[PDB]
């Protein structure tokens, strides 16, 4: 079968790789670092934190809060699975990461920042989060420009977090409730998504009455104030219906844009009213046995296939709901096994039932090219380079196959290969249920400390110009950092020479003339300096300190410096052949990687050798 515990452990871990902001010292990876550190600076509010949505760096609060609410729902339903697998700390840290950010997004009563980053600008650059150079604007809703869905989705996240944190951190639970109440009030009074516009084209909302009910249900569970339960039920007639019927919609599934499925499931458990039981069973039946002659499509290999986008996201989310409902005493007895069989079949399809895993870094032949900027780690603003991902973003569930099980693992294949917060949300809960039922031990003390697979800072050089009394070098430093990607503003390199022939000529080695084209306004080439005069070794120091060299573009990641060292005009004793840094030097202005012109990062040699 499959190791569900390991799968669960990695799915939770996926979110740690999505983190924006000031990362914890207790971090268990060596390729993510501080990023989005000025988030909210444009409005004077600290909005750092939260999770990047998918393979991009925009913080879209609707999917983000849907995600944390779903993870909290799983912890609420299956704490015993989390405790037994030893993953409780990790999922709670994830839930708190998202919710600490939503709290920051509600700086004052009635104001809610729902996004940080501009989709257009963010998506136009392909590089690691740590070195983003573009503006990252903050967007907000308030009484005048409402966002009922995003406010209520966030209230649901906060309230569900309060439910699962109440026992261990009652104060934080109260903090979450305070903000949840404010955002729900905003949403409920407004009943409009008219001011929620910055996510247009990415996460535009098509409904908010579902979010209102979902939020109200969670606020009821968090506060035990039945005022919220009444509100939750009051919005039901306003939920979307199946076309030309008065029947609550049942042909889609729980997802960031439609949470009435989870709301009605919860309402059935909380009230035992037939309306809700019938509604959730209609949805679950449509997804399994079919209902009234209608049924979700199934691929030949057994994937319940809803839509071309995020098919696995949908199937595994429905698997979670089927698992939760199947365990409830109110579930029609004959359907319990049907629903539990569906949970297993859909999860197993994601884990490996077709012969390969659709979970990054897990199982057999997992996806190698998810559409994800930071895991790929390009240093040249190119989706195509490197031709492999520098990092393994463990746990990420890819979009999924087409309706015939077709799947292409390529970085530019969004339909099959995008990865996102919401894709792993329901999946995580379904995995907890499978772990509870079939086991599979998580990897003990699992960390994502990767080996550095490419020299992070290198230098290429070649002979630019030459003569009987001089040598001119063309050198290019490249920032190829990835563990973590980072700005290298304290780089320098040294070019070593043996000037024994200068001393022999009766000339002061320090009198030779050095000179320098060069990319980078701060490029400074020194005069000849002593290094090991007992062996007649001198050098030229080239300092690039101050240069904003970063792994985010062809020009951004490199600095070219051309420099020359010259003996007096008319002389012929200059001998570059006994110079340490000249040995092997490429004979033209077409540079190549050299190991004898060492590169230093803040005075520490990081590439190459010294004499």
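Positions refer to the first chain, counted from 1.
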(message) Unmodelled residues of the deposited sequence between residue 516 and residue 517: none, 1 to 3, 4 to 9, or 10 or more?
(response) 1 to 3
(request) Taking the mean of the C-alpha B-factors per stretch from the entry, tell me the winner out of 440-448 and 357-365. (result) 440-448
(message) Please compare 152-160 with 282-290 and say which has the higher mean C-alpha temperature factor in the record.
(response) 282-290
(request) Determine which member of 530, 262, 506, 370 has the highest CA B-factor, using the values in the deposited entry. (result) 506
(message) Highest Cα temperature factor in the entry, among the options 40, 552, 49, 570: which one is it?
(response) 570
(message) Based on the deposited C-alpha B factors for this chain, I'd like to know if residue 117 is in the lowest, middle or highest third.
(response) middle
(message) By the recorded C-alpha temperature factor, relative to the other modelled residues in its chain, which third is residue 577 in?
(response) middle
(request) Consider only the C-alpha atoms of the modelled residues in this chain, order them by B-factor as the entry records it, and name the third containing residue 33: lowest, middle or highest. (result) middle
(request) Would you mind checking where the Cα B-factor of residue 465 ranks among the modelled residues of its chain, as the lowest, middle or highest third? (result) highest
(message) Considering every modelled residue of the chain and its Cα B-factor in the PDB entry, is residue 11 in the lowest, middle or highest third?
(response) lowest
